[PDB]
Amino acid sequence: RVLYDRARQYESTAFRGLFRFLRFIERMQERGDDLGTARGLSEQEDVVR
Amino acid sequence: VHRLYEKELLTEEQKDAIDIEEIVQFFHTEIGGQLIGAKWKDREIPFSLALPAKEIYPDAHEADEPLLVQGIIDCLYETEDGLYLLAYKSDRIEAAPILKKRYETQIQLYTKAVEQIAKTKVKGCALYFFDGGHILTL
Amino acid sequence: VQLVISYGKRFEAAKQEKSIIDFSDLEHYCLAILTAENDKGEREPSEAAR
Amino acid sequence: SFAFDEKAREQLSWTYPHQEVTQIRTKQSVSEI
Amino acid sequence: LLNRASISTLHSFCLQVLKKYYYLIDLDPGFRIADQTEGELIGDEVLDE
Amino acid sequence: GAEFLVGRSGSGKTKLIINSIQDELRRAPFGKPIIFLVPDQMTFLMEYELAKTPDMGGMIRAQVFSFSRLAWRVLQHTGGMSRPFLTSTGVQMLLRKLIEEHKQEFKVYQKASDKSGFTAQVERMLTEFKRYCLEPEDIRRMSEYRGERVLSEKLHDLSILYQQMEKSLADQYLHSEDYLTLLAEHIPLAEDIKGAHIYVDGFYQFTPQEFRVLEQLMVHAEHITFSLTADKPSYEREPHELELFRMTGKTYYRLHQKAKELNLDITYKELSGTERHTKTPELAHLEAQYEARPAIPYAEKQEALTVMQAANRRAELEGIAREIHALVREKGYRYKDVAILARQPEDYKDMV
């Protein structure tokens, strides 16, 4: 799901289109940058934080 | 034409692209004469007509909304005989059965529009072509 | 020192081209806007600051 | 046997009564017809 | 008015200042805040250059 | 003459207007022109609705117009439509060109003149000026105020760009926001207007540029009806800041005072009872008790009003999708009966 949404945000910014997007992701990982795993329960919900 | 050029209803290049002879010839025609001599006249008539979808498309439904067909009628005039419709075409000619079918459905749309909305009958339709001053009736 | 200073200048230029800014550029450009005259720490408020 | 068998079956077999006209453009031109 | 209130991070305020007074510095009014990776990628490019 | 048709939302103003135009179409199929003036987003809607008579199934005497369409028609008969048209992008291009040769004359925007976003900002501003009838002279013309110095610097630079633009466009081109002004000064000379009946509805407010056109129609048209969504508005004074019908109220006040300024015969029609929420108690309660402080609680049952909480926009849209399915599968509605509105459509468009 967040793969979709992150595609949405990056398209809108400087990496529109498959080739540019993938290149961004690849260069991101290649210099040790990462992204967080998605979340299921929101912060508001009844959860141990 | 010149007045239309000074009202900016017609650009200079538009003004110079006029065959005055071709348009004057129309008023020497029978339909043209009947136009000049009419009870009531009107030009550039806008219209919207509501045709039930089944007529244009198989499988539509009586509940299903009508489609809206829209156009502009060039001229309409009324004599003691009835109401007549007039349209102008710059079609290349210099051919009659071909032009007849080329604009047939359009004329039928116009007639049906007048008949349905104005609740009046339409006797005779006319199409004037600038090339050679031809006039065909439908 | 001169290497780092060049990088910064070139870096700012690159971002200006693509019309983007750091988180850092937020504070520093804001500070730039808010100052009119800057004499070694003594900062005089510009019109925006006022 | 399950309490929602008939309703599940009926809903998965359902089609919109006016499906055919959902893509039909309302406005039409004399040229278009 | 609580919507338009200046209650935030200092960085958010900074963003407001830039948005209003872009013309006082060398900044495009339609500027955007880069995200960490795209900024740092641009940094990598200029550093290589 | 003028007729002020006023009511709250659900009163029946629009339907009333439609019925009037339809009756008038039955009585005289080839009568004097009927002009239905609505916002652009409303034009096709009204065309459809007017075309839905078992009686006639279409129109001829009556036409639906936006300000833009109306301008295009009247100018296509009276003139001024011949000169070339400029897009917003074209104007931006011109503005950039002017910047490059007048940037050294600026007082404040000299540094900003470099950026492409600045030309867009200036375009937006100048467009607003033209919409509020402010020629470059009035900009030049422009209670002690702290920001007066900078403001006058800005307005100075803007006036340079504005005057230069008007100079470059003069005798050659037509700005996008000039149609309405050109329309205002050709309406007196237009024959079709002279006997016409005019209905204006859907608008919450008008730009001064649109007001010019409206009062010209007040003068040279036979009758004109102004349909406003408000509750018993005052001609005596503008509405309070916190008032619900602030916008449409102010529109009423200004329109009425200009009708009075021109000695027109005015007619007042106030729609009281609801017609939309006649069968739905909850929605009538919501419509009536919206502004009320303190609000009286609804004491009956819940059926037609639902507040929904979604885990996210994805959940929100899917939930709504399910509900819509329910409505067209059990409750007997059709898809056309449903509307989905967002304050910020960009948050949902793709996902929708």
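Per-chain numbering from 1; labels A, B, C, D, E and F assigned in written order.
Following the convention adopted for this analysis, a contact is a pair of C-beta atoms (placed from the backbone, for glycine too) under 8 Å apart; a residue touches a chain by one contact, two chains touch by 3 or more.
Across the assembly, the mean Cα position most removed from that of chain F is the one of C. Distances from each chain's CA mean to the overall CA mean are smallest for chain F. Distance from the chain E centre to the chain F centre is 35 Å, each centre being the mean of its Cα atoms.
Rounded to whole angstrom, the centroid-to-centroid distance between chain B and chain D, based on C-alpha atoms, equals 40 Å.
Once the centre of each chain is set as its mean CA position, chain D and chain E turn out to be 49 Å apart. Residue positions 51, 65, 68, 70 of chain B each touch two or more of the other chains. The residues of chain F that reach two or more other chains are 48, 115, 117, listed in rising order.
Residues of chain B that touch chain D in their complex: 51, 53, 56-57, 59-61, 63-65, 67-71, 105-106, 109. Contact residues on chain F toward chain D in their complex (touch as defined above): 44, 48, 328-329, 334-335.
Residues 25, 29-30, 47-48, 50-53, 56-60, 63, 76-83, 336 of chain F touch chain B in their complex. Contact residues of chain F toward chain E in the complex are 108-109, 111-112, 114-118, 120-121.
Residues 1, 8, 42 of chain A touch chain F in their complex.
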